[PDB]
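Q: these chains are from a complex, not moved at all, and more is on the way:
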Amino acid sequence: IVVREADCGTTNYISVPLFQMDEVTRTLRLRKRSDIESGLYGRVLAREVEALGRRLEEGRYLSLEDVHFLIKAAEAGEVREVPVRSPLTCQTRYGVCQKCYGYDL
């Protein structure tokens, strides 16, 4: 698995949750702000996101600031999932592409 392309030309994505569900624990609490970072830092949004009087364009590399902003919009009640380009949905054979993969951490 090597980064072989700049873009594989896929519209697919994954939805990284921003909330957890525990049985016996009614309703869904926020995921730990670190776990969300591990699920969102550097990743590319696959669909545009609008929340808290602000818009995140599609194809934007999510900096940690954007992750903090997306967590604020979450606890405001405005976002519950984030569309993200991930290697699970990458169409690059024998590797990934530059956008399905995120930051060089």
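A: Arrived safely. Numbering: from 1, shown residues only, chains lettered A, B, ... in the order given.
Q: distance of the closest residue to residue A:100 other than its chain neighbours from residue A:29?
A: Nearest non-adjacent residue to residue A:100, counting by CB to CB, 6 or more residues apart in numbering: residue A:90, 3.6 Å away. Placement of C-beta: from N, CA and C, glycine included. Per CB to CB, to the nearest Å, residue A:90 is found 31 Å from residue A:29.
Q: Settle it for me: which of those two has more neighbours?
A: Here residue A:90 and residue A:29 are compared on neighbour count by other CB atoms under 10 Å; more neighbours surround residue A:90, at 20 against 11.
Q: Pop out the phi and psi values for that one.
A: Note on residue A:90: backbone dihedrals following degrees, to the nearest 10 are phi -80, psi 140.
Q: Please apply the same query to residue A:24.
A: Torsion angles, degrees, to the nearest 10, at residue A:24: phi 80, psi -20.
Q: Next, count neighbours for it.
A: For residue A:24, using other CB under 10 Å, the count is 4.
Q: now swap in residue A:43 and tell me
A: Residue A:43: 25 surrounding residues under other CB under 10 Å.
Q: that older thread, hmm, the residue nearest to residue A:100 is touching residue A:84, no?
A: No: applying CB atoms under 8 Å as the test, residue A:90 and residue A:84 come out as separate, 11.7 Å apart.
Q: Chain B follows; place it on the structure:
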Amino acid sequence: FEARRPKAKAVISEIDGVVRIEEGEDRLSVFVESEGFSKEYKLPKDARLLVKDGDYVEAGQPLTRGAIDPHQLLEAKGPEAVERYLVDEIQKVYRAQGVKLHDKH
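A: Time to bring in chain B:
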């Protein structure tokens, strides 16, 4: 990572449907019933479950408490559901040990 069958394994539903618990004592069964199927999951009475009488379970959702067989999840809900389950269950262990690595890897 070896996709092995857990010992204390949860039972999952293979179909969408509503839950109907029927217990004449010494034996227990969970029925997932739909317009097209009525399937009975007879469970060891000691095993504890996750579904109320009348819940709506989707395919692949666990009925009991244990770990999910990734091959049973493969057949019931498809490959991308196995991918997300493995990542989350792997990332559980490293998070319980204070290790922070990104989900990409």
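Q: please look at the neighbour count of residue A:43 again, because chain B has been put in.
A: If you count neighbours by other CB atoms under 10 Å in any protein chain shown, residue A:43 ends up with 28.
Q: Tell me how far it lies from residue A:5.
A: Taken as CB to CB, the span from residue A:43 to residue A:5 is 17 Å.
Q: State the helix or strand in which the closest residue to residue B:14 other than its chain neighbours lies.
A: Take residue B:14 and drop its neighbours on the chain: the residue closest to it by CB to CB, 6 or more residues apart in numbering or on different chains is residue B:76, 4.7 Å away. According to DSSP states H and E, residue B:76 maps onto helix B:70-77.
Q: Quick check: residues of chain A near chain B?
A: A:14, A:16, A:23, A:34-35, A:37-39, A:41-43, A:86-89, A:101-102, A:105 (CB under 8 Å from any CB of the partner chain).
Q: repeat that for 7 Å
A: Contact residues, chain A versus chain B (CB under 7 Å from any CB of the partner chain): A:23, A:34-35, A:38-39, A:41, A:87-88, A:101-102, A:105.
Q: Residue B:62 is in contact with the residue nearest to residue B:14, correct?
A: No: counting by CB atoms under 7 Å, residue B:76 stays clear of residue B:62, with 10.3 Å between them.
Q: can you give me phi and psi for the most centrally placed residue in chain B?
A: By CA atoms, centre = their mean, chain B has its centre lying nearest to residue B:62, at 2.2 Å. Backbone torsions for residue B:62, taken as degrees, to the nearest 10, come to phi -70, psi 140.
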